[PDB]
Each structure stands twice: as structure tokens, then as C-alpha cells.
There are 2 protein chains.
Amino acid sequence: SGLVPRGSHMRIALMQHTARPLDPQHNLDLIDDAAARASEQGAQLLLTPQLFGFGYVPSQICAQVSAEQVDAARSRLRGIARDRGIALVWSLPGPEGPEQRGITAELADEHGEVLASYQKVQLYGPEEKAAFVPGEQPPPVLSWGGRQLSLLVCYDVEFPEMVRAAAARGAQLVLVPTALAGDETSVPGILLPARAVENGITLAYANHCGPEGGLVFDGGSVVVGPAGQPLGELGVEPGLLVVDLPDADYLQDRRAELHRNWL
Amino acid sequence: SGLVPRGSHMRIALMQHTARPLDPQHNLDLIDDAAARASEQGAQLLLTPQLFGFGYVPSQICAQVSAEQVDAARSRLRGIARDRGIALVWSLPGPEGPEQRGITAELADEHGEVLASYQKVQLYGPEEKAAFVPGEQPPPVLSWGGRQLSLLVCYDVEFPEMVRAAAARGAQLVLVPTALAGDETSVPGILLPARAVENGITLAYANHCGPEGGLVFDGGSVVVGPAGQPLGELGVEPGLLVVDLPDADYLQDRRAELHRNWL
């Protein structure tokens, strides 16, 4: 949005769109188009929504999507990051067999090489819990573009423990593919701004929108800064949000040694 | 506010007012007046603000308020709960010597007998940290009026770990004397509603207001229900807020055994 400002050195983009269940040719063509568009606007990274490549249909992924088909979508996403020359964060099933995989988020750089991979720890509801194995590792944190970036996926961000875990390892910018349906306004309206304020961090949340898999996704993709203010936000239609990021001490004051015994 | 509705069995009141530093005769007369007023409106419990009886002046409490003077204010508050026949939550320095005490919150029943006592765990800024010893115990949770009540004080509630600690021990209604100054709108505007939503609990937050101890307190006392909605709220003037309480499963889903290693 506009020329790249002085005093920003990171421009990110978020893809909000409707996937077709079980049609990864169509869904990855959409991600390829968003990646081109984001790159034309001078974004360095595009964040895409949870399970976008197969559509958000956990039971049907478990029943019908083989490890080989997930690998093929993964190879094509690595091709898109490389061919459109933009870092990409996507979210696919994990690479193991259908009975042993989780839901993952991955960040690939502008060469197509995956720099960080994270397995969703907090699965939502009985369909996700039956279709995927929850992760057991804390979120990764890595230098990229001048900041420490971290990954979480959809329901994870509603647990202040999960965002606290990223921020305690140095995260400044937490990127969150999501798939939020059913007019759940409290998540982006109440919980995300608190996660940003209570850790002094920025969070980007890229959602589906529209009719998909028997649900109607909320859209509402947003980047929330460390005052809890939206730096940029979309409504309920497909869009590409592009935001330039500018260049109490809860993280120090918290009595973590007591808190960890009280959870 | 109005007759006691059908389908509410708990009416609470919150006192919002300006204390005079180092004048506990005046400040406890104000609490006595609020207690009478709350009881006339059929409230069963009155919540009052942090350190109200001596005023919010941590350095001057450390330097000039003896253990005997704190004990005298404590005895008079127990007299007010008993003589006005209403449970009272107040917040005083702890009962030990000036060098060893913390800041506490206490709940006394309508007989004047203290049912729960809690020592503030998260102290705010260098004056509070120099004047008081932080607590080391989790918040207490107890049946009262048909619900499980818990206590926290001012900055504690800004740590999702502290509210999570109360809710994990069964709290449904968390009562919070506070002393918030400097137009900190993110606390009641962003953080309190998240604490209520992310635990499915109700929180009552009773603040000072006006000119006191070289600060200007925000008022903004509020009761926030488990959707993050204000059930009742005051502005910036002295007032008595009276609220009738009606009669995702984050607390179950959270992976606490991983979270406690990641803090």
C-alpha cells in the first residue's frame, strides 16, 4: 500500500480467500496468484491460511489425502516461494502417514527452502483431534528480515500460554495461518489484541473467508501491533492485505517460576 | 440497580472513589458509607480499591505506616463488614513489619470474619517493589454466595498466568481491587475482557478515581462477564456500581504439562 515508507524495512502481505476442498491444484493456483500480487507490491513475505492447499476439511484430509499428495503440494509451495521470489508461510498436514501426522505451519524463504516448521499444539474440536496428532514442541523463533519471527496456527493463539512461549524465546512478530468460522468476533476483537499487548509483540492472522467445507469463514484477517491496534485489516471478502511494519514490562516482571507451578 | 431479578442470586457492588493519602479515618469513613449504600441496594458484597484505606502511596506507606496502624484499619474494616452486614473485599498492607509485609487483598463475610487473604504476587514498578515483598502463593478460591470466588490485585490481572491460576483452581468470579492511573485504557479495554473470555469467568475491577498521591486515577471500574462484555461500568467520577450476576473449552483443552515447561 503506497511506496515503501522511510523508517520501515519490512512489508508483509496476508492472503485471505476461499479454498475448494480437496482441489489443491485450484488452491495452490490461488496462493501462486497471491504470491505474485504480494511481490508486485514489494512485500517480502506472504502469510496464507490454515490448511489452505487442501481446504479446511480435517476429516476428509485424514480419509483421503495421502502423504504423497501432501508432499506434492509442499513441493509446489516451495516452487511458488522460489519462482515469485517471496518468503511464504503456509500450513499443510504434516509429512508422515495419515495416522501419524499433525497440522503444520512452515516458513520458506525466497529460495524455496524451509527455514522453520511448527506442528500445531492446540487442536480444536473433535474433527481436528481425530484427524491429526497434536504437536509437542514450542513454537520456533528465528531472525528474518531484521526481526525475530515465530509461527503458531489458528486455535493456538487463543491460549495466552502459546503466545507467551513464542515471546519468551524472543519472538517479535508471530505469524498465524488461521481458519476461523461462525462469526467468532471475540478472537480478533478481544483475544488477538490482548496477545499483542500482553507480550509487546505484533501478530499477523490470515484467515479463510466465504463458503468452504460446509462452513462460512469470517475473513477479518488482521495485523495487530504491540498496542493492540490493527495496523491493517480485511472484511469478509477475498483480499490481500499489505502492511508495512515500523522499525509495563510483562515479559520481565512475570514470576515465571511460580506461574509454571500454578497452571 | 432495580429490584433483585429472577434468575440472579448474587448482587455485588464496587466502590470507586478518591482516597486521601495517610488519612485512614477519612478513607475508611468513605468505605463505611459505600458499604451502607451497597447494603441498602441489596448487594451482598462490596469490593473496594487497592490500598484504599491509606491511599495508593507505596513509598509513604513503607516509610510512615506502622504494623499497628495497619492492624487498626484492618479491625475497623472487619467492624464495617459486621456492622453494615455485607461481605467486604479490601486491600491493605500485610500485617508484618514494614520491611517484611506485602500488599494484600482480603474477603470478610457479613460477620466481620476474614475468609480468604491473598498477597499480591506481581508488584508494579520500582516504588511498589521497594515498599512491599511480593507474594509467593497462588490466588485462593472459595465457595461464597453460590459461586467459587477468587482474589487478585491490580497488575496481577494483566498476567494471563495469574488469572489462569485462579480459574484452574475453580474460580468463577475473580474480584480485583485496583489502582490504575495515567489513562491506561488497554487494561480495562483489552486485557480484562480477554482474561474473562480466555477462562470463561467473570471479573470485577474496582479502581480509584480522581486526584490522589500525585496521580490521577482512571476510574473505569467494571464487571466483565465471560463473553468479555461489561455487565456494568463507571466513568471517571466517584460512584458505586451495583451489578446482578446471572445464575471453546480453553480450561480443558490447554496442554498445561507442555505450557508449564515453555514459560
# chains A, B, ... in the order shown; residues from 1 in each chain; ligands from 1
>>> interface_residues(of="chain A", to="chain B", cutoff="7 Å", atoms="only C-alpha atoms", output="number ranges by chain")
A: 122, 138, 160-161, 164-165, 168, 190-191, 193-194, 254, 256, 259-260, 262-263
>>> residues_around(residues="residue 21 in chain B", least_positions_apart="3", cutoff="7 Å", atoms="only C-alpha atoms", output="PyMOL selection string")
chain B and resi 54-57+213
>>> write_last_selection(atoms="N, CA, C and O atoms", output="PDB file, in the first residue's frame")
ATOM      1  N   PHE B  54      -5.188   3.614  53.173  1.00  0.00           N
ATOM      2  CA  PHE B  54      -4.057   4.548  53.425  1.00  0.00           C
ATOM      3  C   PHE B  54      -3.777   5.460  52.236  1.00  0.00           C
ATOM      4  O   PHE B  54      -2.866   6.318  52.301  1.00  0.00           O
ATOM      5  N   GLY B  55      -4.519   5.250  51.151  1.00  0.00           N
ATOM      6  CA  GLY B  55      -4.276   5.856  49.883  1.00  0.00           C
ATOM      7  C   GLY B  55      -3.185   5.087  49.131  1.00  0.00           C
ATOM      8  O   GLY B  55      -2.353   4.423  49.743  1.00  0.00           O
ATOM      9  N   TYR B  56      -3.178   5.202  47.780  1.00  0.00           N
ATOM     10  CA  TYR B  56      -2.187   4.471  46.993  1.00  0.00           C
ATOM     11  C   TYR B  56      -0.890   5.344  46.990  1.00  0.00           C
ATOM     12  O   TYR B  56      -0.655   6.144  46.063  1.00  0.00           O
ATOM     13  N   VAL B  57      -0.080   5.136  47.975  1.00  0.00           N
ATOM     14  CA  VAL B  57       1.217   5.884  48.119  1.00  0.00           C
ATOM     15  C   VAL B  57       2.215   4.905  48.714  1.00  0.00           C
ATOM     16  O   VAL B  57       2.539   4.927  49.946  1.00  0.00           O
ATOM     17  N   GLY B 213      -2.348  11.248  45.676  1.00  0.00           N
ATOM     18  CA  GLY B 213      -0.980  10.791  45.804  1.00  0.00           C
ATOM     19  C   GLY B 213      -0.127  11.179  44.610  1.00  0.00           C
ATOM     20  O   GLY B 213       0.784  10.436  44.263  1.00  0.00           O
TER      21      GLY B 213
END
>>> select_by_dssp(residues="range 89-213 of chain B", states="helix (DSSP H, G or I)", output="VMD selection string")
chain B and resid 125 to 131 154 to 158 160 to 168 186 to 199
>>> atom_distance(atom1="CA of residue 175 in chain B", atom2="CA of residue 226 in chain A")
27.2 Å
>>> residues_around(residues="residue 219 in chain A", least_positions_apart="5", cutoff="10 Å", atoms="only C-alpha atoms", output="PyMOL selection string")
chain A and resi 16-18+178-181+183+205-210+233-239
>>> residues_around(residues="range 24-37 of chain A", least_positions_apart="2", cutoff="6 Å", atoms="only C-alpha atoms", output="list in words")
residues 19, 39, 40, 53, 54, 80 and 84 of chain A
>>> residues_around(residues="residue 4 in chain B", least_positions_apart="6", cutoff="9 Å", atoms="only C-alpha atoms", output="short mmCIF file (atom, residue, chain, number, x, y, z; two decimals) with N, CA, C and O atoms, in the first residue's frame")
data_model
loop_
_atom_site.label_atom_id
_atom_site.label_comp_id
_atom_site.auth_asym_id
_atom_site.auth_seq_id
_atom_site.Cartn_x
_atom_site.Cartn_y
_atom_site.Cartn_z
N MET B 10 -27.01 -13.37 42.97
CA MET B 10 -25.87 -12.64 43.59
C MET B 10 -25.79 -11.21 43.05
O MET B 10 -25.76 -10.99 41.84
N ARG B 11 -25.83 -10.26 43.97
CA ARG B 11 -25.77 -8.86 43.61
C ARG B 11 -24.46 -8.34 44.27
O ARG B 11 -24.24 -8.48 45.52
N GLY B 42 -29.34 -3.79 48.46
CA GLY B 42 -29.45 -5.26 48.47
C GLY B 42 -28.24 -5.97 47.90
O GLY B 42 -28.31 -7.20 47.65
N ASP B 244 -26.08 -7.29 39.10
CA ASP B 244 -26.59 -8.61 39.41
C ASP B 244 -25.89 -9.60 38.50
O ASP B 244 -25.83 -9.39 37.31
#
>>> select_by_dssp(residues="range 38-233 of chain A", states="strand (DSSP E or B)", output="ChimeraX atom specification")
/A:45-47,87-90,93,103-108,114-119,141-144,147-151,173-177,181,202-206,208-212,215-218,222-224,230-233
>>> write_last_selection(atoms="C-alpha atoms", output="short mmCIF file (atom, residue, chain, number, x, y, z; two decimals), in the first residue's frame")
data_model
loop_
_atom_site.label_atom_id
_atom_site.label_comp_id
_atom_site.auth_asym_id
_atom_site.auth_seq_id
_atom_site.Cartn_x
_atom_site.Cartn_y
_atom_site.Cartn_z
CA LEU A 45 6.70 -12.34 2.86
CA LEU A 46 3.17 -13.64 2.23
CA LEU A 47 1.25 -15.42 5.03
CA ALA A 87 9.06 -15.81 1.62
CA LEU A 88 5.90 -17.80 2.15
CA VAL A 89 4.21 -19.15 5.23
CA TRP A 90 1.77 -21.98 4.56
CA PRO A 93 -0.80 -31.59 7.03
CA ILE A 103 -1.20 -29.89 11.10
CA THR A 104 1.86 -27.79 10.46
CA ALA A 105 2.90 -24.24 9.57
CA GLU A 106 6.15 -23.68 7.57
CA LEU A 107 8.13 -20.62 6.53
CA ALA A 108 10.11 -20.89 3.25
CA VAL A 114 12.04 -24.16 4.50
CA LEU A 115 13.55 -22.28 7.38
CA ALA A 116 11.16 -23.26 10.18
CA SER A 117 8.40 -25.79 10.65
CA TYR A 118 5.96 -25.93 13.56
CA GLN A 119 3.33 -28.58 14.48
CA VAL A 141 11.68 -18.31 16.72
CA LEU A 142 14.14 -17.09 14.04
CA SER A 143 15.76 -13.94 12.69
CA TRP A 144 14.31 -12.95 9.32
CA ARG A 147 13.16 -9.24 13.42
CA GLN A 148 12.59 -12.49 15.38
CA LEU A 149 9.60 -14.25 13.68
CA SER A 150 7.60 -17.14 15.13
CA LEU A 151 4.72 -19.43 13.90
CA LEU A 173 6.35 -10.92 15.01
CA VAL A 174 4.14 -14.04 15.28
CA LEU A 175 2.59 -15.27 12.03
CA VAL A 176 -0.64 -17.26 12.30
CA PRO A 177 -2.40 -19.08 9.45
CA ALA A 181 -15.71 -19.61 11.02
CA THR A 202 2.98 -7.88 16.58
CA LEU A 203 0.76 -10.75 15.29
CA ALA A 204 -0.49 -11.37 11.73
CA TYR A 205 -3.59 -13.57 11.36
CA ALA A 206 -4.56 -14.73 7.80
CA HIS A 208 -10.15 -18.04 5.03
CA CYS A 209 -13.30 -16.20 4.06
CA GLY A 210 -16.58 -17.26 2.44
CA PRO A 211 -18.13 -20.77 1.75
CA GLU A 212 -15.89 -23.64 2.31
CA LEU A 215 -18.68 -23.61 6.98
CA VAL A 216 -18.63 -19.87 6.24
CA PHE A 217 -15.35 -18.33 7.25
CA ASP A 218 -15.21 -14.99 8.90
CA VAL A 222 -5.56 -8.54 10.55
CA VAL A 223 -2.09 -7.46 11.68
CA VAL A 224 -2.19 -6.28 15.28
CA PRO A 230 -4.90 -3.07 13.90
CA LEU A 231 -2.12 -1.97 11.54
CA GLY A 232 -4.25 -3.29 8.63
CA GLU A 233 -7.43 -5.44 8.45
#
>>> residues_around(residues="residue 69 in chain A", least_positions_apart="5", cutoff="12 Å", atoms="only C-alpha atoms", output="JSON, numbers by chain")
{"A": [22, 23, 24, 25, 53, 54, 61, 64, 74, 75, 76, 92, 93, 94, 95, 96, 97, 98]}
>>> closest_residue(among="A:1, A:58, A:145, A:8", to="residue 41 in chain A", atoms="only C-alpha atoms")
A:1
>>> closest_residue(among="B:130, B:184, B:242, B:252", to="residue 2 in chain B", atoms="only C-alpha atoms")
B:242
>>> atom_distance(atom1="CA of residue 128 in chain A", atom2="CA of residue 91 in chain A")
14.1 Å
>>> atom_distance(atom1="CA of residue 43 in chain B", atom2="CA of residue 13 in chain B")
6.0 Å
